[PDB]
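Data first, discussion second: the structure below is written as structure tokens.
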Ligand SMILES: *[C@@H]1O[C@H](CO)[C@@H](O[C@@H]2O[C@H](CO)[C@@H](O[C@@H]3O[C@H](CO)[C@@H](O)[C@H](O)[C@@H]3O)[C@H](O)[C@H]2NC(C)=O)[C@H](O)[C@H]1NC(C)=O
Ligand SMILES: *[C@@H]1O[C@H](CO)[C@@H](O[C@@H]2O[C@H](CO)[C@@H](O[C@@H]3O[C@H](CO)[C@@H](O)[C@H](O)[C@@H]3O)[C@H](O)[C@H]2NC(C)=O)[C@H](O)[C@H]1NC(C)=O
Ligand SMILES: *[C@@H]1O[C@H](CO)[C@@H](O[C@@H]2O[C@H](CO)[C@@H](O[C@@H]3O[C@H](CO)[C@@H](O)[C@H](O)[C@@H]3O)[C@H](O)[C@H]2NC(C)=O)[C@H](O)[C@H]1NC(C)=O
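Residue numbers (PDB author numbering), protein chains in the order written: chain A, 597 to 845; chain B, 895 to 944; chain C, 123 to 183; chain D, 82 to 162; chain E, 50 to 115, 125 to 207; chain F, 106 to 157.
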């Protein structure tokens with residue numbers, strides 16, 4: 597349970613003369629803050645097992661900006677053996693507080709993989725053309741996580757496999773999809789607004805491909821400021837099935 | 895629109911790996927280039943291929 | 123064309139003919155799709171909004 | 082040439098010979114607990130018996146699969162049009 | 050079989066460490082009906098709700114599952139700016155397992171005009187159940203008949 | 106009286122269309138320039154005509 601951080605150069609190879617120390621228990625998680633400070637660098641903070649935020653580039657303006665942000669940064673942690681989905685957030689200077697909590701029975705379902713949204717992704721078109729000429733708005737969520745859980749018990753017929761769509765901001769499940777005759781390796785990829793996950797059916801020896809897409813209605817919201825505190829609506833979920841004769845490693 | 899049909903066939907023409915093959919495909923990393931329509935694909939695993 | 127008062131009024135009908143022609147041309151213009159006047163065209167112009175209050179996490183714990 | 086595989090359980094499996102060179106057509110094989118072996122054509126849309134062939138798998142590779150696309154130029158007698 | 054669930058609410062200045070019993074909620078697993086019955090707030094509770102609202106705090110909802127412990131935060135600034143309208147939703151598994159709850163408010167605004175004491179008398183809540191949904195499979199049977207026909 | 110308009114100069118654009126067609130045939134997938142003037146998406150088929 598040792599955690600260490602190194603600061604090296606990807607161009608030459610020689611490391612710099614700046615490295616923070618690590619104490620207490622091993623580092624649990626890290627997050628990259630998009631805001632830049634100091635000279636032209638980004639600020640990095642890490643979470644300890646004592647539930648504390650440690651900032652890598654200690655700088656007065658860095659801490660000033662972090663304090664000015666204050667209730668704007670959230671942190672979700674996922675456990676497999678514990679099966680507990682947690683949400684903490686920064687308050688004022690540096691301290692954790694529990695905001696949203698989720699629990700899942702480990703005996704029934706089991707956590708496998710969790711994918712999210714890439715930080716470096718820009719969407720050009722925010723709508724889609726429809727039958728006559730009407731516009732259709734999409735549902736783009738920068739803060740949305742997808743959980744894939746399977747069944748602990750393995751049987752020829754009895755097989756439980758599903759996908760949960762949870763917001764990291766506020767505990768609220770958008771859509772929960774469930775199958776009944778699928779098992780084995782499952783691969784999930786997340787994109788602009790469409791999720792692609794593949795499975796294998798035991799009842800018929802084949803691989804079925806399910807495509808999930810989230811769509812809004814014909815009218816748009818604020819469309820200037822996106823936040824998960826507001827937007828009390830449920831996006832439409834579309835599912836389709838295909839056949840792929842391969843394994844998809 | 896093309897009418898819906900659950901039959902996806904693997905065409906040999908849409909094969910990026912013509913001759914060079916990867917014995918074990920652990921993962922693939924795609925990096926965006928700078929022009930507009932160019933993505934650098936690197937497949938890692940038992941061997942390396944770009 | 124000024125030769126009398128009564129033909130001076132017929133000139134206005136001559137102009138009404140051109141007005142009707144312009145109206146028909148504009149009707150065909152809109153029917154084909156030359157004038158945008160629709161939501162999808164303005165969708166082609168709307169820019170993405172700014173994202174605030176970002177979150178993050180993983181499965182390391 | 083011969084593929085001999087042991088340490089297998091009961092069930093249905095698709096035998097396919099993988100080669101960057103001349104390719105092969107996968108063949109579906111059904112294994113019974115009693116010891117009957119029934120080979121059939123690979124069918125995904127349909128799940129019935131299409132054609133039954135003898136058990137001693139004899140795959141016949143058609144040839145090199147086309148990996149590259151073809152581009153044609155314009156003929157001298159054809160550009161006169 | 051009807052089981053009762055404990056519903057508690059949080060109200061502080063800027064932290065969240067206190068919780069009080071707000072009401073009782075009955076749940077019928079066999080039937081699928083969810084009934085809620087909470088008590089009414091007192092004038093001091095109303096005023097404390099007002100002063101926490103103008104400070105833009107958080108409204109944490111506490112629900113223990115028979125053990126697990128679920129919580130959910132919601133902005134009360136929109137609660138005070140608009141009228142009282144909360145929506146509670148329970149998330150269940152295929153069997154008798156509880157995932158969590160979420161509070162959603164239909165207005166969801168931030169204008170902040172004013173609120174009268176006549177508003178904040180009755181509690182307006184609606185409870186819903188969201189069981190897991192079964193995904194469809196490949197409809198090859200219709201494709202075969204279309205190809206034949 | 107009708108012929109005064111029927112004759113006109115309606116059918117005098119086709120030879121230029123032939124030149125444009127040959128030029129577009131030479132360069133199949135190309136992007137020459139952008140026009141600052143905003144345009145509607147219903148002109149894109151006529152404008153691009155070769156880019157997917
Ligand atoms: C869509 O979302 C945006 C961003 O949340 C809203 O614009 C923002 O609205 C708030 C509240 O009206 C503005 O706050 C103002 O602050 C000044 C002091 O700085 C205060 O005097 C005002 O009374 C108000 O509280 C904020 O400035 C404004 N932001 C921008 C960039 O204009 C917008 O109202 C939302 N639209 C809808 C339809 O919900
Ligand atoms: C897959 O790779 C094999 C090699 O392991 C390819 O076979 C070889 O392909 C190269 C060109 O890709 C041939 O080189 C040629 O040599 C002649 C003179 O002999 C020269 O005039 C040509 O310009 C070219 O350099 C090489 O002869 C050939 N070897 C054999 C034994 O065929 C194979 O073609 C690849 N598969 C493809 C392209 O589908
Ligand atoms: C207490 O809660 C009930 C139910 O949640 C509230 O009834 C709801 O009232 C809203 C507006 O007051 C209704 O919204 C309406 O929606 C229709 C379309 O559905 C729209 O055309 C109208 O213009 C309006 O926006 C809503 O339908 C109605 N019923 C629900 C939500 O089931 C009641 O108003 C609440 N009382 C107080 C004092 O807040």
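Cβ atoms here follow ideal geometry from the backbone N, Cα and C, with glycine treated the same way.
- Residues of chain A with a Cβ closer than 8 Å to the Cβ of residue 144 of chain E do not exist, since the nearest Cβ in that chain sits about 11 Å away.
- Cβ-Cβ distances below 6 Å link residue 51 of chain E to 75, 77 in the same chain, with the five nearest sequence neighbours on each side left out; the list follows chain order.
- Scanning chain B for C-beta atoms nearer than 9 Å to the C-beta of residue 84 of chain D yields nothing, as the closest lies near 18 Å away.
- The CB of residue 145 of chain F comes closer than 7 Å to the CB of 158, 163 in chain C, given here in chain order.
- Around residue 175 of chain E, the same chain offers 95 as residues with beta carbons nearer than 8 Å, after the five sequence neighbours per side are excluded.
- The three-state reading of DSSP puts residue 784 of chain A in strand, counting E and B together.
- In the displayed model, residue 168 of chain C falls within coil according to three-state DSSP, outside both helix and strand.
- Each of A:818, A:820, A:821, E:168 has a C-beta closer than 6 Å to some heavy atom of ligand 1; these make up the full list, in chain order.
- Neighbourhood of residue 607 of chain A in chain D, by CB distance below 7 Å: empty, with the nearest CB roughly 37 Å away.
- Cα atoms of residue 702 of chain A and residue 113 of chain E: separation of roughly 17 Å, rounded to the nearest angstrom.
- For residue 899 of chain B, the nearest beta carbon of chain E is closer than 8 Å to its own beta carbon.
- Proximity annotation: ligand 2 has residues B:912, B:913, D:145, D:148, D:149 in chain order, each selected because its CB is closer than 7 Å to a heavy atom of the ligand.
- Contact residues of the region 780-804 of chain A toward chain B are absent (C-beta to C-beta distance below 8 Å).
- When CB distances to chain D are screened at a threshold of 8 Å, not a single residue of the region 614-637 of chain A falls below it.
- Straight across, the Cα-Cα distance linking residue 619 of chain A with residue 85 of chain E is about 49 Å.
- Exposed is the label assigned to residue 130 of chain D, since fewer than 16 other Cβ atoms lie within 10 Å of its Cβ.
- Residue D:107 holds the alpha-carbon nearest to the alpha-carbon of residue 141 of chain D among D:107, D:117, D:155.
- Following the DSSP letters along the chain, one finds residue 142 of chain F in no alpha helix (DSSP H), marked with neither H nor E.
- Taking C-alpha positions only, residue 779 of chain A is separated from residue 162 of chain E by approximately 34 Å.
- Residue range 119-131 is occupied by the alpha helix (DSSP H) that includes residue 127 of chain F.
- Using a C-beta cut-off of 8 Å, the region 168-177 of chain C makes contact with the region 819-836 of chain A, since at least three inter-stretch Cβ pairs fall below that distance.
- As computed with DSSP, residue 156 of chain E is found in a beta bridge with E:150.
- Not a single C-beta of chain D is nearer than 8 Å to the C-beta of residue 738 of chain A.
- Under the 10 Å beta carbon count, residue 839 of chain A is surrounded by 16 or more other beta carbons and is classified as buried.
- Within the same chain, and ignoring the five residues on either side of residue 156 of chain E in sequence, the residues whose Cβ sits closer than 6 Å to its Cβ are 114.
- In terms of side-chain proximity, the C-beta atom of residue 171 of chain E is found no nearer than 7 Å to any non-hydrogen atom of ligand 3.
- By DSSP's assignment, residue 671 of chain A forms a beta bridge with A:684, C:178.
- At least one beta carbon of chain A lies nearer than 8 Å to the beta carbon of residue 149 of chain E.
- DSSP places residue 134 of chain E in the coil class of the three-state scheme, outside both helix and strand.
- Taking the beta carbon of residue 196 of chain E as reference, the chain B residues within 7 Å of it are 900, listed in sequence order.
- In its chain, beyond the 5 residues on either side, 684, 685, 687 have a beta carbon closer than 7 Å to the beta carbon of residue 693 of chain A.
- In this structure, the beta-carbon distance from residue 744 of chain A to residue 672 of chain A does not fall below 8 Å.
- Look at residue 162 of chain C here: in three-state DSSP terms it is helix.
- Per the C-alpha coordinates, the member of E:197, E:198, E:187, E:152 positioned closest to residue 747 of chain A is E:152.
- Sorted by position in the chain, E:141, E:142, E:143, E:164, E:182, E:184 make up the residues whose C-beta lies under 7 Å from a heavy atom of ligand 3.
- One finds 801 in chain A with Cβ atoms closer than 8 Å to the Cβ of residue 93 of chain D, taken in chain order.
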